[PDB]
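Remarks on the structure that follows.
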Amino acid sequence: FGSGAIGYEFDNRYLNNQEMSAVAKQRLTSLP
Amino acid sequence: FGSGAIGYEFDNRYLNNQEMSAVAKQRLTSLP
Amino acid sequence: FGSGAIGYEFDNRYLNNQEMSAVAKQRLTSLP
Amino acid sequence: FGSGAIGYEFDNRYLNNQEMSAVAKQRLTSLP
Amino acid sequence: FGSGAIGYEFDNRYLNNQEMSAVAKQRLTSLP
Amino acid sequence: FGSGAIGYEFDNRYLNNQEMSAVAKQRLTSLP
Amino acid sequence: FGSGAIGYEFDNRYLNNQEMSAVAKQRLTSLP
Amino acid sequence: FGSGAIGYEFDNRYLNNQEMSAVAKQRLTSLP
Amino acid sequence: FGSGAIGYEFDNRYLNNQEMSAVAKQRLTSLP
Amino acid sequence: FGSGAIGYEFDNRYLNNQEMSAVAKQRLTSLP
Amino acid sequence: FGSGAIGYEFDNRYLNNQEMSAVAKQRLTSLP
Amino acid sequence: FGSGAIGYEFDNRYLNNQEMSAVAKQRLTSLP
Amino acid sequence: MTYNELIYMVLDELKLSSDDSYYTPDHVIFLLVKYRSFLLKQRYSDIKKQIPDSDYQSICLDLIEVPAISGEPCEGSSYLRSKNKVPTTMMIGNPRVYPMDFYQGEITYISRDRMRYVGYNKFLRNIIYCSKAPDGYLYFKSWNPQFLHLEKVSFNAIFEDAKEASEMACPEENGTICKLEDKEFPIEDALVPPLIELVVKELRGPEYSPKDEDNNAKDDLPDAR
Amino acid sequence: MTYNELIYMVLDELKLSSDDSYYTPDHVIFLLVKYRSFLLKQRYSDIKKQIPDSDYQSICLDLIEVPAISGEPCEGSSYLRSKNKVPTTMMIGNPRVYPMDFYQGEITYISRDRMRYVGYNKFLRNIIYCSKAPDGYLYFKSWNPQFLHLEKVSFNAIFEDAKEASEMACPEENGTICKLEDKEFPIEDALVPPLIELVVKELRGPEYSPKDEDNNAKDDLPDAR
Amino acid sequence: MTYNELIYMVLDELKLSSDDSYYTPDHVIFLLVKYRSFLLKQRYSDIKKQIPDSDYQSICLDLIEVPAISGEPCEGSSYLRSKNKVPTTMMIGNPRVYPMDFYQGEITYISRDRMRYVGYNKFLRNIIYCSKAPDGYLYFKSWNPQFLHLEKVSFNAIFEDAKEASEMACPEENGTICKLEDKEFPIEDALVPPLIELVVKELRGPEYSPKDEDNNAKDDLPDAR
Amino acid sequence: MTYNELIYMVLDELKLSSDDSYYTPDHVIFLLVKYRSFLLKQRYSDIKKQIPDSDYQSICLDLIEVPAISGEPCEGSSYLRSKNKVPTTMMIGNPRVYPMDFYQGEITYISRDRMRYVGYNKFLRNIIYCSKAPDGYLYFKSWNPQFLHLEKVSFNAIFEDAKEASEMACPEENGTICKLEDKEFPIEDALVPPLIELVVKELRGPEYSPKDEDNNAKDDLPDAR
């Protein structure tokens with residue numbers, strides 16, 4: 001059968017987690 | 001058969017652990 | 001067949017282990 | 001059947017997260 | 001056939017090793 | 001069936017991400 | 001067929017190795 | 001069917017990214 | 001067919017390498 | 001069917017990449 | 001069919017490589 | 001069919017790269 | 001949306017249209033009310049988030065003065081309590097007891113354990129406190145004897161059983177809605193498709209399962225009768 | 001929700017409607033209470049969280065003065081124990097013994113092992129203590145002789161057996177509820193879908209298993225009879 | 001819960017209802033008693049955790065003075081010992097020997113090896129010590145000749161064989177429970193569903209296996225008879 | 001639990017009930033003891049843990065004075081050895097030789113290699129030593145000539161063969177138990193389900209294997225006869 005109201009949310013949440021992991025590594029460096 | 005009252009909560013918990021891992025790497029830096 | 005009284009506990013324990021691993025990385029930084 | 005209005009955006013989001021992870025490791029060094 | 005008197009203990013031991021790995025990363029920091 | 005106007009772009013984008021990850025590690029060293 | 005006198009020992013040895021790896025990371029910190 | 005005008009270039013690009021990753025770890029050291 | 005005079009020793013060697021890797025991370029610390 | 005004039009080159013190139021990665025870690029140490 | 005004069009040597013060589021990797025991490029520490 | 005004049009050399013090369021990676025981590029330490 | 005729309009969406013997804021159906025709408029109401037709390041806990045228990053206004057309900061309570069234990073002199077000061085038993089709130093929202101006006105008054109809804117010891121602070125001797133006792137009633141406590149004159153309060157919270165708190169729903173301008181099916185279901189739309197999916201998955205398998213159908217003094221399920 | 005709703009939801013999902021069914025509602029009751037305890041420990045033992053009031057349950061206890069060992073002059077001071085045996089509690093919530101008013105009184109409920117060495121502190125000599133002894137009763141001890149006059153208490157906790165604590169439940173305003181099926185099941189609605197899923201999974205496979213049907217002085221299970 | 005409820009839950013999960021069944025309830029009792037200790041060790045041996053009150057049992061022992069070796073003068077001081085052999089405790093709980101009152105007295109249950117050398121400390125010359133000798137009896141030792149007058153003790157521990165310690169169960173107020181099936185099984189509810197699952201898995205495969213059924217002076221299992 | 005319970009549990013799980021069965025209870029006994037030793041070493045050799053009293057077992061030894069090599073003036077001092085051969089111990093527990101009172105006496109049980117160079121320390125000259133010699137007997141040595149008067153000792157340890165140590169077991173108060181099947185099997189109940197699983201897995205496949213049935217001066221196994 002099919003219904004994607006819980007698969008969609010879990011995939012979106014996984015991508016949100018991975019996005020937060022990506023942006024959490026960003027730094028604006030110093031000591032030039 | 002079908003029932004998601006145990007798989008949904010386990011998936012949610014997995015994504016919550018991923019959430020906490022992602023946000024635990026967030027740092028507001030110093031030494032500019 | 002089916003009975004999930006040992007699968008449920010092992011999945012819950014796995015998620016507990018992963019949660020403890022996640023929260024064990026948390027730090028409140030210093031040197032501002 | 002066939003429909004890519006949900007898989008396309010998830011793939012695009014995955015590649016966007018990969019994009020941000022790749023460009024977050026870019027550093028212009030100092031101390032020459 | 002069926003018997004879980006050897007798989008249950010191995011799964012429990014695996015999760016115990018995961019437990020010890022998770023709690024071995026716990027640190028109470030210094031230098032505030 | 002077949003049409004590769006979205007598979008091609010996603011593979012090319014994946015390779016672009018991996019290329020950016022590769023070149024982002026390049027450094028011209030100092031302190032000789 | 002079946003006989004688990006060598007599978008049991010190898011699984012137990014694998015778990016012993018993983019346990020030794022876990023406990024080998026344990027430290028009692030200093031510098032408070 | 002058969003055609004390698006798109007798989008060949010993607011494989012070549014993958015190996016080029018591996019090439020750049022491998023040669024980006026090359027360092028001529030100092031402090032002897 | 002069946003014979004474990006070559007698989008048993010390879011498994012034992014694999015677990016011996018795991019043994020040596022596990023015990024090679026063991027350190028008795030200093031600076032208390 | 002079969003023809004290995006492109007499989008051979010890609011496998012050889014993969015092994016070349018892995019060899020360059022291996023030798024790029026080699027160092028002749030100092031500070032004795 | 002079967003003949004294990006090349007499988008045996010390759011498995012033994014793989015285990016030798018993994019053993020050398022294991023023992024190459026061993027250190028006798030200092031600074032007590 | 002069967003022929004190992006190309007797979008044997010690729011396996012040997014893979015194990016040679018593993019050999020070089022294993023022996024490239026070998027260090028004779030200092031500061032005792 | 002109302003209970004009717006959710007119930008009949010579930011039924012039509014399952015195609016339980018005939019009156020001769022094993023799973024009646026009552027099963028649907030039960031599953032919906034439980035899965036609502038399940039989803040709300042799963043979403044709003046991990047970390048603190050904004051709860052929309054759809055998840056809440058207002059019950060109206062009528063208070064009566066009651067002794068602490070019995071009519072003895074030394075049995076402590078009296079408490080007010082709701083006439084009827086009150087639904088149990090979930091710990092995810094913004095519970096609030098208000099004096100028929102949400103934008104005025106200060107009646108504090110606190111835990112059972114805390115309310116044992118409140119009002120000792122001299123500046124907090126005039127604040128009315130609330131908690132659901134193990135009796136199942138909402139008990140009120142304060143050090144300012146004026147509180148005992150209070151007659152009516154309304155309690156806004158994300159109640160753990162939508163059916164109970166909807167049965168205790170406050171009178172509307174037109175009048176009371178007798179049928180539960182015509183009342184409004186307490187959930188945000190962003191949680192409705194998941195809720196329907198979970199309930200439909202819960203009853204899809206059981207819908208096509210065999211029955212012990214022969215009246216023969218025998219269990220006929222092993223034979224897939 | 002009551003025991004009846006949960007029991008019949010499980011039964012209807014299993015479609016165990018025929019009175020000539022192998023698995024009666026008592027199987028369902030047993031499985032529901034044991035899986036209730038299982039789920040509560042699985043959720044609220046790993047780390048400390050909030051337990052809602054719905055998993056808590058109350059009982060009424062009548063206290064009688066008893067000797068420590070037997071009637072002797074040198075066998076130690078007497079104790080107060082409940083007339084009937086007390087259900088075991090779960091070490092996950094806020095167990096509390098109160099004198100019929102939850103918001104009053106301090107009757108501490110401590111571990112049985114701790115209760116040996118207690119009351120020596122000069123300021124803790126008027127505090128009443130509790131612990132479920134190996135006999136099964138809830139013994140009381142204190143250094144202030146007034147405690148022996150105490151006659152009747154209540155006990156709130158997350159009990160191990162929902163059925164045992166339901167049988168010992170406090171009387172309501174209307175009166176006692178004769179049928180266990182008409183009492184409130186002590187679990188939060190956020191934990192109900194997991195519980196129903198686990199119990200239905202427990203009984204799904206067995207529901208279609210073969211039985212030893214023939215009466216022939218023989219075991220007919222290997223033949224799938 | 002009692003042995004009867006667990007036993008018949010296992011039997012009904014397996015549907016071993018006919019009297020002509022290969023696996024009798026005795027197999028169920030054996031498997032339950034062993035898997036109980038298995039689960040308790042698996043849960044409470046890795047790292048120290050709170051053990052509930054359900055896992056424990058109280059046996060009552062009658063002590064008799066016995067020589068250390070024989071009736072010789074120089075064979076050392078005499079010991080008290082239980083009249084009957086005592087069950088072996090598991091090392092996971094809180095073993096305690098108490099003088100018929102859990103909340104009073106100090107009798108220390110220690111290891112066999114330790115009790116060789118105890119009481120040399122001048123302040124510990126009045127403490128009674130206990131251990132299970134390789135004989136299988138509980139031996140008592142102290143330097144204070146008053147201990148030899150002790151006649152009755154009760155021992156609370158998580159005994160390794162539920163059947164043995166339940167057979168040695170202490171007399172209840174009503175009287176002794178003759179049948180083991182009517183006694184109370186020693187395990188927390190959170191460990192009951194896993195226990196039933198393990199036992200049912202243990203006997204599910206064997207339940208449908210073939211038998212050597214022909215009486216023909218022949219082994220008939222290779223032919224799946 | 002006794003040998004009978006374990007043996008017949010394995011047999012009943014295999015359903016080896018017919019007296020015309022290839023695999024008799026002696027196969028089961030052999031497999032049970034060997035897997036007992038296997039499991040004990042697997043559990044208690046990797047790192048040091050607590051061994052329960054249930055894996056320990058006791059024997060009675062009668063000591064006789066023997067020459068070191070033969071009767072000669074210069075062949076060295078005599079030894080004391082057990083009359084009968086002693087089972088080998090497992091190096092995982094607390095082997096101990098005691099003079100029929102576990103809580104008294106110091107008769108050290110050391111390695112055979114160590115026992116050569118022993119007693120030279122001035123304060124260790126009155127300590128009695130033991131080690132199972134390559135002959136198979138348990139030899140005794142000491143520098144205090146009184147040891148030769150010693151006539152009878154006991155030996156507690158986790159023995160390699162449960163059967164050999166069971167045959168040499170100490171007499172009980174009732175008397176000797178003639179049948180090995182009526183003796184207590186030396187393993188903890190937490191290790192019994194693993195043991196039964198391993199042995200049943202050992203004999204499951206063979207239980208259904210073909211036999212060389214025809215008496216025709218031919219090997220009939222390749223044909224699956």
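Letters for chains follow the order of the structure tokens (A, B, ...), residue numbers begin at 1 for each chain, and ligand numbers begin at 1 in the order shown.
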
Fitted chain H, least squares over ordered Cα pairs with chain G, as a JSON list (two decimals) with N, CA and C atoms, in the first residue's frame:
```json
[["chain", "number", "residue", "atom", "x", "y", "z"],
["H", 1, "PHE", "N", 23.00, -28.76, 9.43],
["H", 1, "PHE", "CA", 23.34, -29.44, 10.71],
["H", 1, "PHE", "C", 23.42, -28.36, 11.79],
["H", 2, "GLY", "N", 24.02, -28.67, 12.94],
["H", 2, "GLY", "CA", 24.15, -27.68, 13.99],
["H", 2, "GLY", "C", 25.21, -28.00, 15.02],
["H", 3, "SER", "N", 26.05, -27.01, 15.34],
["H", 3, "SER", "CA", 27.03, -27.13, 16.41],
["H", 3, "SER", "C", 27.62, -25.75, 16.70],
["H", 4, "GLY", "N", 27.64, -25.36, 17.97],
["H", 4, "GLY", "CA", 28.09, -24.04, 18.36],
["H", 4, "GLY", "C", 29.27, -24.05, 19.31],
["H", 5, "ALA", "N", 30.06, -25.12, 19.29],
["H", 5, "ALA", "CA", 31.23, -25.22, 20.15],
["H", 5, "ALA", "C", 32.42, -24.44, 19.62],
["H", 6, "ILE", "N", 32.35, -23.96, 18.38],
["H", 6, "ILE", "CA", 33.40, -23.13, 17.81],
["H", 6, "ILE", "C", 32.91, -21.71, 17.53],
["H", 7, "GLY", "N", 31.63, -21.53, 17.20],
["H", 7, "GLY", "CA", 31.11, -20.20, 16.99],
["H", 7, "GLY", "C", 30.88, -19.46, 18.29],
["H", 8, "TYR", "N", 30.48, -20.18, 19.33],
["H", 8, "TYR", "CA", 30.25, -19.54, 20.63],
["H", 8, "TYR", "C", 31.54, -18.95, 21.17],
["H", 9, "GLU", "N", 32.64, -19.70, 21.09],
["H", 9, "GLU", "CA", 33.89, -19.20, 21.65],
["H", 9, "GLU", "C", 34.44, -18.05, 20.82],
["H", 10, "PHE", "N", 34.26, -18.09, 19.50],
["H", 10, "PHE", "CA", 34.70, -16.96, 18.68],
["H", 10, "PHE", "C", 33.88, -15.71, 18.96],
["H", 11, "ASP", "N", 32.56, -15.86, 19.13],
["H", 11, "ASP", "CA", 31.74, -14.71, 19.50],
["H", 11, "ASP", "C", 32.14, -14.16, 20.86],
["H", 12, "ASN", "N", 32.39, -15.06, 21.82],
["H", 12, "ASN", "CA", 32.83, -14.63, 23.15],
["H", 12, "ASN", "C", 34.16, -13.89, 23.07],
["H", 13, "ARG", "N", 35.08, -14.38, 22.24],
["H", 13, "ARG", "CA", 36.37, -13.72, 22.08],
["H", 13, "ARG", "C", 36.22, -12.35, 21.42],
["H", 14, "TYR", "N", 35.34, -12.25, 20.42],
["H", 14, "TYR", "CA", 35.07, -10.96, 19.80],
["H", 14, "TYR", "C", 34.54, -9.96, 20.82],
["H", 15, "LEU", "N", 33.61, -10.41, 21.66],
["H", 15, "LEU", "CA", 33.06, -9.52, 22.67],
["H", 15, "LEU", "C", 34.07, -9.22, 23.77],
["H", 16, "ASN", "N", 35.00, -10.14, 24.04],
["H", 16, "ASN", "CA", 36.08, -9.85, 24.98],
["H", 16, "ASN", "C", 37.02, -8.78, 24.44],
["H", 17, "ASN", "N", 37.34, -8.85, 23.15],
["H", 17, "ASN", "CA", 38.15, -7.80, 22.55],
["H", 17, "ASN", "C", 37.43, -6.47, 22.59],
["H", 18, "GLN", "N", 36.12, -6.48, 22.33],
["H", 18, "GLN", "CA", 35.34, -5.25, 22.46],
["H", 18, "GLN", "C", 35.34, -4.74, 23.90],
["H", 19, "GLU", "N", 35.24, -5.66, 24.86],
["H", 19, "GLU", "CA", 35.33, -5.31, 26.28],
["H", 19, "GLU", "C", 36.65, -4.60, 26.58],
["H", 20, "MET", "N", 37.76, -5.17, 26.13],
["H", 20, "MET", "CA", 39.06, -4.59, 26.43],
["H", 20, "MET", "C", 39.25, -3.25, 25.72],
["H", 21, "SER", "N", 38.72, -3.12, 24.51],
["H", 21, "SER", "CA", 38.78, -1.84, 23.82],
["H", 21, "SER", "C", 37.96, -0.78, 24.54],
["H", 22, "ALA", "N", 36.78, -1.15, 25.03],
["H", 22, "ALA", "CA", 35.93, -0.20, 25.73],
["H", 22, "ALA", "C", 36.58, 0.26, 27.03],
["H", 23, "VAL", "N", 37.08, -0.68, 27.83],
["H", 23, "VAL", "CA", 37.67, -0.32, 29.12],
["H", 23, "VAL", "C", 39.06, 0.28, 29.00],
["H", 24, "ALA", "N", 39.69, 0.20, 27.83],
["H", 24, "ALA", "CA", 41.01, 0.80, 27.65],
["H", 24, "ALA", "C", 40.94, 2.30, 27.40],
["H", 25, "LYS", "N", 39.76, 2.84, 27.12],
["H", 25, "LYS", "CA", 39.56, 4.27, 26.96],
["H", 25, "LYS", "C", 39.17, 4.96, 28.26],
["H", 26, "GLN", "N", 39.08, 4.22, 29.37],
["H", 26, "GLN", "CA", 38.68, 4.79, 30.64],
["H", 26, "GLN", "C", 39.85, 5.52, 31.29],
["H", 27, "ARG", "N", 39.63, 6.79, 31.64],
["H", 27, "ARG", "CA", 40.65, 7.63, 32.25],
["H", 27, "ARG", "C", 40.06, 8.38, 33.43],
["H", 28, "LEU", "N", 40.82, 8.42, 34.53],
["H", 28, "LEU", "CA", 40.50, 9.27, 35.67],
["H", 28, "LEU", "C", 41.34, 10.54, 35.54],
["H", 29, "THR", "N", 40.68, 11.65, 35.23],
["H", 29, "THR", "CA", 41.37, 12.85, 34.77],
["H", 29, "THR", "C", 42.11, 13.54, 35.92],
["H", 30, "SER", "N", 42.84, 14.59, 35.55],
["H", 30, "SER", "CA", 43.60, 15.42, 36.48],
["H", 30, "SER", "C", 43.39, 16.88, 36.09],
["H", 31, "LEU", "N", 44.20, 17.76, 36.68],
["H", 31, "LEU", "CA", 44.16, 19.20, 36.42],
["H", 31, "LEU", "C", 42.75, 19.74, 36.60],
["H", 32, "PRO", "N", 42.25, 19.87, 37.84],
["H", 32, "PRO", "CA", 40.95, 20.48, 38.08],
["H", 32, "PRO", "C", 41.08, 21.94, 38.51]]
```

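The environment of residue 143 in chain N within 8 Å, counting only C-alpha atoms and disregarding residues fewer than 5 places along the same chain, consists of residues 119, 125, 126 and 127 of chain N.
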
Extract the full set of helix (DSSP H, G or I) residues from range 55-143 of chain P according to DSSP on the backbone, and format it as a compact mmCIF listing (two decimals) with N, CA, C and O atoms, in the first residue's frame.
```txt
# COMPACT_ATOMS: atom_id res chain seq x y z
N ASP P 55 29.16 -23.57 41.28
CA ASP P 55 30.16 -24.18 40.41
C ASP P 55 31.25 -24.91 41.18
O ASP P 55 32.04 -25.63 40.57
N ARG P 114 55.75 -24.65 41.31
CA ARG P 114 56.16 -23.88 42.48
C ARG P 114 56.54 -24.79 43.64
O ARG P 114 57.43 -24.44 44.43
N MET P 115 55.88 -25.94 43.78
CA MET P 115 56.02 -26.76 44.97
C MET P 115 57.42 -27.32 45.16
O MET P 115 57.74 -27.80 46.25
N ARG P 116 58.27 -27.28 44.12
CA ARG P 116 59.65 -27.71 44.29
C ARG P 116 60.39 -26.81 45.27
O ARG P 116 61.00 -27.29 46.23
N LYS P 122 61.75 -18.71 56.65
CA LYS P 122 61.73 -19.21 58.02
C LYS P 122 60.32 -19.22 58.60
O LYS P 122 60.00 -20.08 59.43
N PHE P 123 59.46 -18.29 58.19
CA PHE P 123 58.12 -18.19 58.74
C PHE P 123 57.10 -19.04 57.98
O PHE P 123 55.96 -19.15 58.43
N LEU P 124 57.49 -19.64 56.86
CA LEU P 124 56.62 -20.51 56.07
C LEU P 124 56.95 -21.98 56.26
O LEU P 124 56.63 -22.80 55.39
```

What's around residue 39 in chain M at 8 Å? Count only C-alpha atoms, leave out sequence neighbours fewer than 2 positions away in its own chain, and write the answer as a JSON list (two decimals) with N, CA, C and O atoms, in the first residue's frame.
```json
[["chain", "number", "residue", "atom", "x", "y", "z"],
["M", 35, "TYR", "N", -3.66, 7.89, 20.13],
["M", 35, "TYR", "CA", -2.56, 8.25, 19.25],
["M", 35, "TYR", "C", -2.31, 9.75, 19.25],
["M", 35, "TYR", "O", -1.19, 10.19, 18.98],
["M", 36, "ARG", "N", -3.33, 10.56, 19.55],
["M", 36, "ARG", "CA", -3.10, 11.99, 19.69],
["M", 36, "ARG", "C", -2.10, 12.28, 20.81],
["M", 36, "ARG", "O", -1.12, 13.01, 20.61],
["M", 37, "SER", "N", -2.34, 11.72, 21.99],
["M", 37, "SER", "CA", -1.42, 11.91, 23.10],
["M", 37, "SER", "C", -0.06, 11.31, 22.78],
["M", 37, "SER", "O", 0.98, 11.88, 23.15],
["M", 41, "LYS", "N", 3.24, 13.68, 22.83],
["M", 41, "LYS", "CA", 4.40, 13.38, 23.66],
["M", 41, "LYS", "C", 5.65, 13.19, 22.81],
["M", 41, "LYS", "O", 6.72, 13.70, 23.15],
["M", 42, "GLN", "N", 5.54, 12.45, 21.71],
["M", 42, "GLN", "CA", 6.72, 12.19, 20.89],
["M", 42, "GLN", "C", 7.30, 13.47, 20.32],
["M", 42, "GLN", "O", 8.52, 13.57, 20.15],
["M", 43, "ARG", "N", 6.45, 14.45, 20.02],
["M", 43, "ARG", "CA", 6.93, 15.68, 19.40],
["M", 43, "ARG", "C", 7.38, 16.73, 20.40],
["M", 43, "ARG", "O", 8.32, 17.47, 20.12],
["M", 191, "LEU", "N", -0.09, 17.52, 12.54],
["M", 191, "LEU", "CA", -0.06, 16.23, 13.19],
["M", 191, "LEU", "C", -1.22, 15.34, 12.80],
["M", 191, "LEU", "O", -1.31, 14.21, 13.29],
["M", 195, "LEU", "N", -1.34, 11.16, 12.32],
["M", 195, "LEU", "CA", -2.29, 10.49, 13.20],
["M", 195, "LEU", "C", -3.17, 9.52, 12.42],
["M", 195, "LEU", "O", -3.37, 8.37, 12.83],
["N", 190, "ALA", "N", -0.11, 8.13, 26.34],
["N", 190, "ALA", "CA", 1.01, 8.12, 25.42],
["N", 190, "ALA", "C", 1.72, 6.78, 25.37],
["N", 190, "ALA", "O", 2.47, 6.52, 24.43]]
```

Write out as JSON lines the residues of chain O that have any atom within 12 Å of an atom of chain E, one row each with the nearest atom pair and its distance in Å to one decimal, counting only C-alpha atoms, sorted by chain and then rising number.
```
{"residue": "O:31", "atom": "CA", "partner": "E:5", "partner_atom": "CA", "distance": 11.1}
{"residue": "O:34", "atom": "CA", "partner": "E:5", "partner_atom": "CA", "distance": 10.7}
{"residue": "O:35", "atom": "CA", "partner": "E:5", "partner_atom": "CA", "distance": 8.5}
{"residue": "O:36", "atom": "CA", "partner": "E:5", "partner_atom": "CA", "distance": 11.8}
{"residue": "O:38", "atom": "CA", "partner": "E:5", "partner_atom": "CA", "distance": 8.6}
{"residue": "O:39", "atom": "CA", "partner": "E:9", "partner_atom": "CA", "distance": 9.0}
{"residue": "O:40", "atom": "CA", "partner": "E:9", "partner_atom": "CA", "distance": 11.6}
{"residue": "O:41", "atom": "CA", "partner": "E:9", "partner_atom": "CA", "distance": 10.0}
{"residue": "O:42", "atom": "CA", "partner": "E:9", "partner_atom": "CA", "distance": 7.0}
{"residue": "O:43", "atom": "CA", "partner": "E:12", "partner_atom": "CA", "distance": 8.4}
{"residue": "O:44", "atom": "CA", "partner": "E:12", "partner_atom": "CA", "distance": 11.4}
{"residue": "O:45", "atom": "CA", "partner": "E:16", "partner_atom": "CA", "distance": 10.4}
{"residue": "O:46", "atom": "CA", "partner": "E:16", "partner_atom": "CA", "distance": 7.0}
{"residue": "O:47", "atom": "CA", "partner": "E:16", "partner_atom": "CA", "distance": 9.0}
{"residue": "O:194", "atom": "CA", "partner": "E:8", "partner_atom": "CA", "distance": 10.2}
{"residue": "O:195", "atom": "CA", "partner": "E:4", "partner_atom": "CA", "distance": 10.8}
{"residue": "O:196", "atom": "CA", "partner": "E:4", "partner_atom": "CA", "distance": 11.7}
{"residue": "O:197", "atom": "CA", "partner": "E:4", "partner_atom": "CA", "distance": 9.1}
{"residue": "O:198", "atom": "CA", "partner": "E:4", "partner_atom": "CA", "distance": 6.3}
{"residue": "O:199", "atom": "CA", "partner": "E:3", "partner_atom": "CA", "distance": 8.5}
{"residue": "O:200", "atom": "CA", "partner": "E:3", "partner_atom": "CA", "distance": 8.8}
{"residue": "O:201", "atom": "CA", "partner": "E:2", "partner_atom": "CA", "distance": 5.4}
{"residue": "O:202", "atom": "CA", "partner": "E:3", "partner_atom": "CA", "distance": 4.8}
{"residue": "O:203", "atom": "CA", "partner": "E:2", "partner_atom": "CA", "distance": 7.7}
{"residue": "O:204", "atom": "CA", "partner": "E:2", "partner_atom": "CA", "distance": 6.6}
{"residue": "O:205", "atom": "CA", "partner": "E:1", "partner_atom": "CA", "distance": 4.4}
{"residue": "O:206", "atom": "CA", "partner": "E:1", "partner_atom": "CA", "distance": 7.5}
{"residue": "O:207", "atom": "CA", "partner": "E:1", "partner_atom": "CA", "distance": 9.7}
{"residue": "O:208", "atom": "CA", "partner": "E:1", "partner_atom": "CA", "distance": 9.2}
{"residue": "O:209", "atom": "CA", "partner": "E:1", "partner_atom": "CA", "distance": 9.0}
```

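Residues with any atom within 7 Å of range 148-151 of chain P, counting only C-alpha atoms and excluding same-chain neighbours fewer than 3 positions away, are residues 62, 63, 65, 80 and 145 of chain P.
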
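CA of residue 146 in chain P sits 20.8 Å away from CA of residue 68 in chain O.
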
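From CA of residue 53 in chain M back to CA of residue 81 in chain M, the distance works out to 26.8 Å.
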
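For the pair CA of residue 131 in chain M and CA of residue 108 in chain M, the interatomic distance is 8.8 Å.
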